[PDB]
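Reviewing the structure listed below.
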Amino acid sequence: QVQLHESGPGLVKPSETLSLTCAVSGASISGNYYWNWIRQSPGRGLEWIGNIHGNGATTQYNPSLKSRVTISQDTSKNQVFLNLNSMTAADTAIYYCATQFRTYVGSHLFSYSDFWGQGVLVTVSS
Amino acid sequence: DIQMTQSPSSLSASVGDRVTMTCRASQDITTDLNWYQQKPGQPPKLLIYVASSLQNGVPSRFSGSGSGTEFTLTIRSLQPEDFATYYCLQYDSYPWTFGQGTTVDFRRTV
Amino acid sequence: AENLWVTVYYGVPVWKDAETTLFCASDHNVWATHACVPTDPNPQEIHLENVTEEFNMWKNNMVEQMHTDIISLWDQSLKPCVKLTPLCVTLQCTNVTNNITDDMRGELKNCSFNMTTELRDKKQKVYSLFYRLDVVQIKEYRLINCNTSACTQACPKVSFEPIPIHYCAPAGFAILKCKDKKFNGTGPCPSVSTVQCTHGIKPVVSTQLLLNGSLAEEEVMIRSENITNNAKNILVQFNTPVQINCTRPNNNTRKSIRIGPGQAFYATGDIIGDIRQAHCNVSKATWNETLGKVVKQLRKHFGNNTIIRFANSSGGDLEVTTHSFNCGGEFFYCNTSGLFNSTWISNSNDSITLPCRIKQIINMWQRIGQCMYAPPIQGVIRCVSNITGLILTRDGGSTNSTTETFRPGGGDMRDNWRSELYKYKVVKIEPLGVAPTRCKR
Amino acid sequence: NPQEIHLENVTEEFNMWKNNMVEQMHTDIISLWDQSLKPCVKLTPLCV
Amino acid sequence: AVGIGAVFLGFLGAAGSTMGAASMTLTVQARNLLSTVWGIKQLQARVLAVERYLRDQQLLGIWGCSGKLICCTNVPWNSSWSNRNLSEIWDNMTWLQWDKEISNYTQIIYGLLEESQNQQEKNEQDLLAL
Amino acid sequence: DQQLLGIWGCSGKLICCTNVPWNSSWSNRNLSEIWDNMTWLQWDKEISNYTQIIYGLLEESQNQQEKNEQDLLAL
Amino acid sequence: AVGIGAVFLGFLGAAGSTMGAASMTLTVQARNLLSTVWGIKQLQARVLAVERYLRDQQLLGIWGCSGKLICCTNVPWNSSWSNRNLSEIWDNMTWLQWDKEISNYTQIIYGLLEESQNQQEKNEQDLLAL
Ligand SMILES: *[C@@H]1O[C@H](CO)[C@@H](O[C@@H]2O[C@H](CO)[C@@H](O[C@@H]3O[C@H](CO)[C@@H](O)[C@H](O[C@H]4O[C@H](CO)[C@@H](O)[C@H](O)[C@@H]4O[C@H]4O[C@H](CO)[C@@H](O)[C@H](O)[C@@H]4O)[C@@H]3O)[C@H](O)[C@H]2NC(C)=O)[C@H](O)[C@H]1NC(C)=O
Ligand SMILES: *[C@@H]1O[C@H](CO)[C@@H](O[C@@H]2O[C@H](CO)[C@@H](O)[C@H](O)[C@H]2NC(C)=O)[C@H](O)[C@H]1NC(C)=O
Ligand SMILES: *[C@@H]1O[C@H](CO)[C@@H](O[C@@H]2O[C@H](CO)[C@@H](O)[C@H](O)[C@H]2NC(C)=O)[C@H](O)[C@H]1NC(C)=O
Ligand SMILES: *[C@@H]1O[C@H](CO)[C@@H](O[C@@H]2O[C@H](CO)[C@@H](O)[C@H](O)[C@H]2NC(C)=O)[C@H](O)[C@H]1NC(C)=O
Ligand SMILES: *[C@@H]1O[C@H](CO)[C@@H](O[C@@H]2O[C@H](CO)[C@@H](O)[C@H](O)[C@H]2NC(C)=O)[C@H](O)[C@H]1NC(C)=O
Ligand SMILES: *[C@@H]1O[C@H](CO)[C@@H](O[C@@H]2O[C@H](CO)[C@@H](O)[C@H](O)[C@H]2NC(C)=O)[C@H](O)[C@H]1NC(C)=O
Ligand SMILES: *[C@@H]1O[C@H](CO)[C@@H](O[C@@H]2O[C@H](CO)[C@@H](O)[C@H](O)[C@H]2NC(C)=O)[C@H](O)[C@H]1NC(C)=O
Ligand SMILES: *[C@@H]1O[C@H](CO)[C@@H](O[C@@H]2O[C@H](CO)[C@@H](O)[C@H](O)[C@H]2NC(C)=O)[C@H](O)[C@H]1NC(C)=O
Ligand SMILES: *[C@@H]1O[C@H](CO)[C@@H](O[C@@H]2O[C@H](CO)[C@@H](O)[C@H](O)[C@H]2NC(C)=O)[C@H](O)[C@H]1NC(C)=O
Ligand SMILES: *[C@@H]1O[C@H](CO)[C@@H](O)[C@H](O)[C@H]1NC(C)=O
Ligand SMILES: *[C@@H]1O[C@H](CO)[C@@H](O)[C@H](O)[C@H]1NC(C)=O
Ligand SMILES: *[C@@H]1O[C@H](CO)[C@@H](O)[C@H](O)[C@H]1NC(C)=O
Ligand SMILES: *[C@@H]1O[C@H](CO)[C@@H](O)[C@H](O)[C@H]1NC(C)=O
Ligand SMILES: *[C@@H]1O[C@H](CO)[C@@H](O)[C@H](O)[C@H]1NC(C)=O
Ligand SMILES: *[C@@H]1O[C@H](CO)[C@@H](O)[C@H](O)[C@H]1NC(C)=O
Ligand SMILES: *[C@@H]1O[C@H](CO)[C@@H](O)[C@H](O)[C@H]1NC(C)=O
């Protein structure tokens, strides 16, 4: 079973950079998969930050956050890295890393696969 | 960004009752849409994919329908494990936009 | 009344145990990769859910195939270069006593002899240095193998360094891998996967110690075909390695003697500087901790209140009785007496030094009538290795005493292959099946 | 009686400098040469 | 239509799936079957694989299911072989378990299939005689 | 090659015309300009980059036909 | 029922039997066809047998009788090939004698079968064009 685990600092001061890691076990990233970063907060709920494509390295970001986010990955270490600079109090939230894809046999759909991590809580305060 | 609206905000129902929830999109998204279920202290769980296909392992009581800018989730026989937060997600065009979510709570005697 | 009818399906996923011949997949060496296919950059693995398989390391056919392939490659490697037929001549030898220590006295002989040349009607007087284990008295000595066979000289251009090799199944066959930790080599494995080829395996040749191997992911593992029986070897796999530093510090010199048309024999000219004994070093605290873990695991199978003794080897040939290996192209045989010498009762920077002897005439496999001569290596040599496992044997094992004694073992190289291919098996597919369905022809 | 079929309206591409038949011919000639010299005398004692 | 990737099912990818779902991936298994001394061993293995494939094709043709991956026949299913209904077979069991269960009822089924095919061929020949 | 032919349901035949319709994107030439004014080599050269999709369509059509026939025989 | 033995017919067991009786044992002969230097010889023999079987199957498919042991055709029987009636053929003659008798009329029959199959294919293609 594909499993995703998040790891990062629990506290980040204002104006600092949050660096989060998502480790994937049971499957490879070199294939055609879509990896998304999401955050949930009481005041905003689930919010999509961005996503990346493993094979092509094409990355998309939320426009409102596009100027402050970066997403990269390491296939050899089997990890996905998120960098969020200029942290503020509104950035306190639970961050999840999710993966999505589907399986085919020729031109016939076989299964639809999505997986989510347990999540990591991040709080912003001096 | 494609705005997504979920209705009703909340609704109380008893076990075995029929529940209906609606998701509206600002712009047409064809049939690209997912319905997820999230209990307190738990991550989201996929319930319906492509707005009309039941995910493997999901009970058959849940169902989804609609297209364009109007989609509907129907729970035919509500169960104690079905009381959670239902989220509507669209992925037709970036950026992804999650709905505010609909909360289903148990209705019991005072 | 049933109104159900037979229906034939072709291509169903059903398999059974089978034996076949796997082929190469590998990214001058004795283990020729030229006749081995290149490996894919991104191997694929399919985890099978709800599939519980049966595994048994002690009846694996892949070990025999690996042994045969290794022996075949070794045989083919030594063919195209010189054979030392003329080396069987009477030698006039004296003792070497130029700047030697007390522990190296008599281990080297300065010998002189006559030899043929490129012209069959001429002879040349030459001299060399030989080890005491390679010469037998007939002041007149002779090579040890002269009354058995003629040795084929090792071939300078090739190297003895192991390289990884992967084994892949043919069409119609599959390789199943058990991903269950704590699996002791026999029984049911619930976590199974299908793989096209196995992981890279280094064919390391050693006795009494497994070097440059793999480490357990959970803790120290003990495996045996029948632990109650005392005639079966016990394989111990560590969870962390133990560093060992071996060295020959003599500054050797090499010279070439032309013994015929396009045939050169390599001899040891002289040693520059002092003469000392090759030796190995291993950390003391790490070895003590490893032995503590090993005895802790052994108490699980051999009672919780038993005294566990580690003692010296029984005896026999030098190879079986000593830790034999190859370092820098030189064949070392080390006396592992300071390691397996202790007793355990239920309840800084110093290192253990093991002396070693160097040998040149080699019979690597357990065969008689096929020897090999290793040319000398110029200069000081040293190497560093990881110890990751042991091969032990239980001495006696009667009910008269409550003490259990374990001694180092080895000899058979198949065990060295068994420690790596324990989690793999081969199956063959059966695509034909019959099921009930509601058609009718 | 060897046979030949002339193909009309067929224009092909040719390149003598990347022909694999030359390598095969060279290898076969060398192999036949090696086999021919096996079963007769070796002049080992001639070096005096 | 953006945000999801695609992958292809591998060899023996549906081993753990149910019979109903596993019956939809016959081609991936079928395609895999076809594709000094070491050369002899490899050639022997290839020839043996080809012979096995030809034998399987001949056996399929003997039953009248030539050139077919799924070919449901006229032989009725005896209740003695298995009393389980369809719902407990195609939706709650895998192919390996099914093969294990009915491992000792296969030769009689093959003989019945051969006899049924022979009878059908004879009846067709008699019909065409008119 | 025989197995690939059998997968499409054209087993044991040299000519087997199928149910898959012809898309105009693959080629716009009419029949008169194909079977009477062109050779096989030129035709293969022209449509060399539209073959895999045709093979996939043929496989899917054969699968659909087999499923429909199996459903029909169930009555 | 008790006290009666049973055996299986062997390879070429119906060689001396009549054509009608011998035509009921085609599978026993059909199955047998499939299944340093000495290894080369054995491998060459196996490859030659496989090639012969494939050639025979290709010829049968070209005739339009793919995957069949008995196949009816549209070619009428000419009296010049043999004037004997059915009763004297299927009940009073063996396959070896029949092959010996009509050994000099086989290629023309093969050509007629090929032409008939080609005409049938063309007619079917024309019919499907409507
Ligand atoms: C367990 O694994 C470890 C690490 O993987 C092994 O330790 C490594 O061992 C290799 C081989 O001994 C060693 O590589 C050598 O390093 C030497 C020092 O840098 C080099 O001099 C040497 O090159 C010589 O040998 C090659 C053939 O192996 C020749 O191709 C090359 O041209 C060199 O030969 C020249 O020099 C000699 C001597 O003067 C001369 O006679 C020749 O004619 C020629 O002129 C190798 O590159 C690694 O450096 C080791 N790594 C570490 C970290 O120590 C260890 O051996 C393994 N354990 C076992 C039991 O195998
Ligand atoms: C081994 O013996 C040979 C021959 O006795 C030694 O070579 C001689 O060395 C001395 C002193 O260096 C020279 O004077 C002689 O001319 C050498 N003899 C020849 C034939 O060259 C050699 O030194 C000895 N080696 C050792 C290690 O004892
Ligand atoms: C190399 O050959 C020479 C010549 O045969 C050997 O010298 C002879 O040795 C024998 C035995 O001691 C004597 O009987 C002869 O008188 C010697 N002849 C000469 C001309 O010296 C020499 O001993 C051989 N070398 C070795 C190391 O044995
Ligand atoms: C493991 O080894 C023991 C010791 O040999 C086996 O037990 C012996 O079996 C033989 C069989 O003839 C008896 O003669 C001995 O009396 C037995 N000895 C003891 C102490 O039991 C045991 O069977 C082996 N295990 C397996 C699974 O075969
Ligand atoms: C093995 O250990 C011994 C010490 O027990 C080492 O001997 C020392 O080696 C160093 C080399 O740098 C010298 O400077 C010291 O003088 C030596 N001391 C003694 C007491 O001999 C030996 O070098 C070690 N060998 C290896 C390969 O690690
Ligand atoms: C084996 O040799 C290695 C170096 O080749 C030794 O590693 C050194 O260990 C000392 C600790 O005493 C450190 O101070 C050095 O920095 C290490 N050097 C390197 C390059 O790692 C190792 O200790 C030796 N082991 C034994 C048992 O002698
Ligand atoms: C293990 O240790 C014992 C003694 O501790 C060794 O026995 C010695 O062997 C040598 C060589 O034959 C004798 O000279 C000694 O007299 C023996 N000592 C005793 C007390 O018997 C034994 O050889 C060691 N094992 C190995 C493999 O060397
Ligand atoms: C391996 O090493 C051990 C330990 O040094 C050797 O045992 C010693 O052997 C000598 C023989 O000269 C005795 O004098 C010592 O008393 C022995 N030591 C002990 C502690 O008893 C052993 O002999 C070595 N192996 C071989 C084959 O020689
Ligand atoms: C001895 O073991 C250590 C630890 O297992 C090896 O060091 C590891 O080497 C691998 C190479 O694939 C690295 O991925 C690890 O990060 C290393 N770990 C540490 C702690 O350094 C070492 O290479 C081994 N040495 C030999 C000669 O096999
Ligand atoms: C060489 O030294 C060994 C060991 O000291 C001794 O046994 C032998 O007799 C010596 N041989 C000589 C001096 O010829
Ligand atoms: C060769 O000689 C050694 C020592 O003299 C001896 O042990 C061995 O048995 C001999 N070989 C044969 C075949 O007799
Ligand atoms: C350990 O090996 C024994 C050998 O008989 C086996 O019975 C046992 O099941 C194995 N351990 C586990 C956990 O399977
Ligand atoms: C060995 O001797 C050579 C030649 O004198 C010298 O160059 C080299 O440095 C010596 N080796 C060491 C380790 O000193
Ligand atoms: C073996 O251990 C004993 C202590 O039990 C010690 O006296 C002896 O010196 C040791 N021998 C070796 C060779 O390490
Ligand atoms: C494995 O078994 C469980 C329960 O036995 C089932 O829910 C699951 O679907 C099975 N796996 C697959 C891939 O069908
Ligand atoms: C052999 O020939 C005789 C007489 O021609 C005939 O009666 C008999 O049936 C033949 N054998 C078989 C097996 O038909």
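Structure values in brief
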{"item": "Residues being within 14 Å of chain G (Cβ to nearest Cβ) and outside any loop (DSSP other than H, G, I, E, B) - total across segment F:11-66", "result": "1"}
{"item": "Some residue of segment C:38-48 being outside any loop (DSSP other than H, G, I, E, B) and of a type in the set (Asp, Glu)", "result": "yes"}
{"item": "Pairs with Cβ under 8 Å, 6+ apart, first in segment C:336-364 and over 19 Å from C:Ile391 (Cα atoms), second within 16 Å of ligand 13 (Cβ to nearest atom) and among the small types (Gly, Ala, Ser)", "result": "C:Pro355/C:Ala278; C:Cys356/C:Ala278; C:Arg357/C:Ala278; C:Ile358/C:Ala278"}
{"item": "Test: residue in segment C:187-196 that is over 24 Å from the mean Cα position of the chain (by Cα), more than 14 Å from chain E (Cβ to nearest Cβ), on the phi > 0 side of the Ramachandran plot and not basic (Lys, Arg)", "result": "yes"}
{"item": "Residues being under 26 Å from C:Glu225 (Cα atoms), aliphatic (A, V, I, L, M) and surrounded by fewer than 15 Cβ atoms within 10 Å (Cβ to Cβ) - total across segment C:19-55", "result": "0"}
{"item": "Number of positions in segment C:257-280 that are within 17 Å of C:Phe130 (Cβ to Cβ) and within 13 Å of ligand 1 (Cβ to nearest atom)", "result": "2"}
{"item": "Selection from segment C:1-35 of residues that are in contact with a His (Cβ under 8 Å, 6 or more places away or on another chain) and among the small types (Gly, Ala, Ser)", "result": "C:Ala25, C:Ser26"}
{"item": "Every residue from segment C:223-250 that is more than 16 Å from ligand 9 (Cβ to nearest atom), in a strand (DSSP E or B) and either small (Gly, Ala, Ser) or closer than 30 Å to C:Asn98 by Cα (or both)", "result": "C:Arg248"}
{"item": "Scope segment C:83-117; condition assigned to a loop (DSSP other than H, G, I, E, B) and within 18 Å of C:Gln153 (Cα to Cα); matching residues", "result": "C:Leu84, C:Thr85, C:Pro86, C:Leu87, C:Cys88, C:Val89, C:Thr117"}
{"item": "Evaluation of C:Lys440 against (1) more than 14 Å from chain E (Cβ to nearest Cβ); (2) over 30 Å from E:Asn32 (Cβ atoms) (one fails), failing number", "result": "(1)"}
{"item": "Count of residues meeting criterion [within 21 Å of the chain's Cα centre (by Cα) and not β-branched (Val, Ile, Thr)] in segment C:26-35", "result": "5"}
{"item": "Some residue of segment A:9-32 being in a loop (DSSP other than H, G, I, E, B), out of contact with any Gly (no Cβ under 9 Å at 6 or more places or on another chain) and of a type in the set (S, T, N, Q)", "result": "yes"}
{"item": "Looking only at segment B:1-29, and only at residues there that are closer than 14 Å to B:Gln79 by Cα and of a type outside the set (S, T, N, Q), the one that is nearest to the other protein chains (Cβ to nearest Cβ)", "result": "B:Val19"}
{"item": "Every residue from segment E:42-56 that is of a type outside the set (A, V, I, L, M) and in contact with a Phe, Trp or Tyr (Cβ under 9 Å, 6 or more places away or on another chain)", "result": "E:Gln42, E:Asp56"}
{"item": "Residue check, G:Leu86 more than 14 Å from the chain's Cα centre (by Cα) and not aromatic (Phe, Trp, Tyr)", "result": "yes"}
{"item": "Residues of segment A:19-39 classified as buried (at least 18 other Cβ atoms within 10 Å of the Cβ) and either touching a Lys or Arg at 6+ places or on another chain (Cβ under 8 Å) or not aromatic (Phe, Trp, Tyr) (or both), total", "result": "8"}
{"item": "All strands (runs of 3 or more DSSP E) inside segment C:130-191 with 1 or more residues being farther than 30 Å from C:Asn56 by Cβ and acidic (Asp, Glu)", "result": "C:140-143"}
{"item": "Top-ranked residue in segment C:378-400 [being crowded, with 17+ Cβ neighbours inside 10 Å and over 19 Å from the mean Cα position of the chain (by Cα); ranked as farthest from C:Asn416 (Cα to Cα)]", "result": "C:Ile381"}
{"item": "Segment E:67-80, residues that are more than 7 Å from every other protein chain (Cβ to nearest Cβ) and surrounded by fewer than 17 Cβ atoms within 10 Å (Cβ to Cβ)", "result": "E:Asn78, E:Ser80"}
{"item": "Search result, residues across segment A:40-64 that are more than 8 Å from every other protein chain (Cβ to nearest Cβ), closer than 20 Å to B:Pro44 by Cβ and more than 10 Å from the chain's Cα centre (by Cα)", "result": "A:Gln40, A:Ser41, A:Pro42, A:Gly43, A:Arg44"}
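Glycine gets a Cβ as well: all are built from the backbone with ideal geometry, and neighbour counts include every protein chain shown. Every read-out reported here was derived from the displayed coordinates using simple, explicitly stated rules and does not represent laboratory data.
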